[PDB]
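Presented below is the structure to which this report refers.
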Amino acid sequence: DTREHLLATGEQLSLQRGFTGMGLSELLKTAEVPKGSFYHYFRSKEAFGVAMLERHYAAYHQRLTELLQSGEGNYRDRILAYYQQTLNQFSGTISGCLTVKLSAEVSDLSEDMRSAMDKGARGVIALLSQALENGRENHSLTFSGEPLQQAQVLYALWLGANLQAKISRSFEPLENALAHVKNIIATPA
Amino acid sequence: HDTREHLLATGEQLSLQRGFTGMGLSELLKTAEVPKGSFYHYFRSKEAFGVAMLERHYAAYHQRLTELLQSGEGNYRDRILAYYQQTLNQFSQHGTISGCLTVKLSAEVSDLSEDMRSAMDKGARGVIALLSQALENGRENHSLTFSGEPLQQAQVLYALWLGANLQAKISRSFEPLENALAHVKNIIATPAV
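For the record, the sequence lines run as chains C and A. As numbered in the deposited numbering, residues 8 to 98, 101 to 198 make up the first sequence, in order. Residues in the second sequence are numbered consecutively from 7, following the deposited numbering.
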């Protein structure tokens, strides 16, 4: 409730002006929560940031899990849906908008928060990889190399394409990435 | 003239270190050792300065990249791989991660003038078009093969480079860059014969 409320408005605000620039008082006024109770839940802004990232990444991890393990069709369709959904959102703020926003301040971020960003990204990659090795095993799809390596490529492409979409104000980098993934993650013979 | 370049250069170093919106004018002028009136003689404002800064930065990068792709050592496939290999080398220097301006300024496009976002968009379009021409050349002299249109493939290569850099920076590992290089080697292949 109140703890979740704080975390949610912290993520919103961070999304906009970044974490480092988000003053405690800005947070509390927006969240409409007294300073005393914030400290009941978090001993510091830093601890708050850690909890914020963890909540952010667990939720994204759970949505990705549901898409790739309980979505539409075979594993290939679900992998494609991961790019397709990123598009579908646009009609215009990008996905992974938080990781990107925080990427610009990582050196000023605490070690715990940088660690929480790393784990979030690695978790996403691990899910993609599991989806790839699954589709490989039931012949939904084929690709070259080992699954982790290929999942890492898919993750970096998604991130780069989102950034490029944000800079150009265009869906084209995303559609293009998706078209590329259709070749690389191919339906079998 | 030499003063003008001095301001632009200083601005680039500082933007790269702390973001563009983060860089305050007085910090810029004190670092460049340039009086306030002189700055305002060259540039209408901080915003104007940023556009000039970016245009300078992309002009130089476009030229380096042109020399690499149009007349580098080996064939067009070798030159494309070198783009990723150079990225690997120029990732950090002397221990310190040497950032990338496009990558750093990505997270600010939200809060930048259209003039600056457009300078970046233009910067990116220039890189992509160079990579695209290299790919087409490579097909035309039989140096390399890949799936699809050159522009499409060039855009993926750029998106890949961008995302891998982002990820390398966050994780402080060059694994995303080595992994990108290895994947490009397989995607942009040598012809069967």
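Cβ atoms here follow ideal geometry from the backbone N, Cα and C, with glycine treated the same way.
### Message
Quick check on the burial criterion: 16 or more other C-beta atoms within 10 angstroms. Buried or exposed for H63 of chain A?
### Response
Per the 10 Å Cβ criterion, buried.
### Query
Between C:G169, C:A160, C:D117, C:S116, which lies nearest to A160 of chain A when the distance is taken from Cα to Cα?
Taking only the C-alpha atoms, the option nearest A160 of chain A is C:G169.
### Message
I'd like to know whether the C-beta atoms of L13 of chain A and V57 of chain A end up nearer to each other than 8 Å.
### Response
With respect to the 8 Å criterion, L13 of chain A and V57 of chain A are not classified as neighbours on the basis of their beta carbons.
### Message
I want to see whether chain C comes within less than 8 Å of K52 of chain A, judged by CB atoms only; does it?
### Response
By this cut-off, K52 of chain A is not an interface position.
#### Entry: Three-way DSSP call (helix, strand, coil) for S138 of chain A in this model
Here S138 of chain A sits in helix by DSSP.
### Message
Closer than 7 Å between beta carbons: that is the criterion. Which residues of the stretch 178-194 of chain A meet it against chain C?
### Response
Those would be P182, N185, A186, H189, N192, in chain order.
### Query
Between the stretch 87-101 of chain A and the stretch 186-193 of chain A, are three or more C-beta pairs nearer than 8 Å?
Enough Cβ pairs lie closer than 8 Å, so yes.
### Message
Going by the DSSP bridge assignment, what does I103 of chain A pair with across the sheet?
### Response
In the DSSP assignment, the residues bridged to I103 of chain A are A:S98.
### Query
Roughly how many angstroms lie between the CA atoms of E61 of chain A and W167 of chain C, to the nearest whole one?
One Cα belongs to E61 of chain A, the other to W167 of chain C, and the distance between them is close to 27 Å.
### Task
Determine, using beta carbons only, whether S112 of chain C comes closer than 8 Å to chain A.
Chain A, which has a Cβ nearer than 8 Å to the Cβ of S112 of chain C, makes this yes.
### Query
Could one say the Cβ of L31 of chain A lies closer than 8 Å to chain C's Cβ atoms, at least one of them?
Interface flag for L31 of chain A against chain C is unset, since no Cβ pair is found closer than 8 Å.
### Task
In the DSSP assignment, find the unbroken alpha helix (DSSP H) run with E39 of chain A in it and report its ends.
Counting along the chain, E39 of chain A falls outside any alpha helix (DSSP H), and DSSP gives it neither H nor E.
### Start-to-end residues for the alpha helix (DSSP H) that takes in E73 of chain C
Looking at the DSSP string, the run of the alpha helix (DSSP H) that includes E73 of chain C is 52-76.
### Query
Can you tell me where the alpha helix (DSSP H) with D8 of chain A in it begins and where it stops?
Segment 8-24, the alpha helix (DSSP H) holding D8 of chain A.
### 7 Å Cβ cut-off: residues of chain A touching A165 of chain C
The contacting residues are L166, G169, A170, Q173, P182, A186.
### Query
Under the DSSP definition of a beta bridge, which residues are partnered with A88 of chain A?
According to the DSSP secondary-structure assignment, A88 of chain A is paired through a beta bridge with no residue.
### Message
Given a cut-off of 8 Å on the beta-carbon distance, is the pair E33 of chain C and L20 of chain C in contact?
### Response
Between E33 of chain C and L20 of chain C, the C-beta spacing is below 8 Å.
### Query
I think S149 of chain A touches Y82 of chain A, with their Cβ atoms under 8 Å apart; what is that distance to the nearest whole Å?
About 4 Å separates the two Cβ atoms, so the contact holds.
#### Entry: Straight-line gap, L137 of chain A to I86 of chain A (C-alpha atoms, nearest Å)
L137 of chain A and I86 of chain A have their C-alpha atoms roughly 7 Å apart.
### Query
If you measure from the beta carbon of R123 of chain A to each beta carbon in chain C, is any gap under 8 Å?
Judged by the 8 Å Cβ criterion, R123 of chain A is in contact with chain C.
### Query
Is the Cβ-Cβ distance between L118 of chain C and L107 of chain C less than 8 Å?
Contact flag unset, no.
### Message
When you compare the CB positions of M29 of chain C and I176 of chain A, do they come within less than 8 Å of one another, or not?
### Response
No; because the gap between Cβ atoms is not below 8 Å, this pair is not in contact.
### Query
So, helix, strand or coil for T93 of chain C, using DSSP?
Annotated three-state conformation of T93 of chain C is helix, per DSSP.
### Query
Under the rule that 16 or more other beta-carbon atoms within 10 Å means buried, what is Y164 of chain A, buried or exposed?
In this structure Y164 of chain A is buried. Its beta-carbon is surrounded by 16 or more other beta-carbon atoms within 10 angstroms.
### Message
Within a Cβ cutoff of 7 Å, which residues of the same chain sit near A174 of chain C, ignoring the five residues on either side of it in sequence?
### Response
Closer than 7 Å at Cβ, skipping near neighbours: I103, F180, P182, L183.
### Query
Looking at the C-beta of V115 of chain A, does it have a partner C-beta in chain C at a distance below 8 Å?
By the rule that beta-carbons nearer than 8 Å mark a contact, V115 of chain A touches chain C.
### Task
Please classify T27 of chain C: does DSSP put it in a helix, a strand, or coil?
Residue state, collapsed to three classes: coil.
### Among A:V190, A:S77, A:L172, nearest to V109 of chain A - alpha-carbon criterion
Of A:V190, A:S77, A:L172, the residue nearest in Cα terms is A:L172.
### Message
What ranges does the alpha helix (DSSP H) occupy inside the stretch 113-171 of chain C, keeping only unbroken runs of at least 4 residues that lie completely in it?
### Response
Look at the stretch 113-171 of chain C and you find these whole runs of alpha helix (DSSP H), each 4 residues long or longer: 120-146.
### Task
Could you tell me which chain A residues have their CB closer than 7 Å to the CB of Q158 of chain C, listed as they occur along the chain?
Result: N185.
### Query
Nearest-angstrom Cα distance between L141 of chain C and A198 of chain C?
Between the C-alpha atoms of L141 of chain C and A198 of chain C there is a straight-line separation of about 17 Å.
### Query
Got a sec: which bits of the stretch 10-39 of chain C sit with their beta carbon under 8 Å from any beta carbon on chain A, in order along the chain?
Contact residues of the stretch 10-39 of chain C toward chain A are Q23, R24, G25 (C-beta to C-beta distance below 8 Å).
### Query
Which whole-angstrom value describes the C-beta separation of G132 of chain C and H68 of chain C, a residue pair presumed to lie in contact below a C-beta threshold of 8 Å?
Yes, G132 of chain C and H68 of chain C are in contact; Cβ-Cβ is about 5 Å, under 8 Å.
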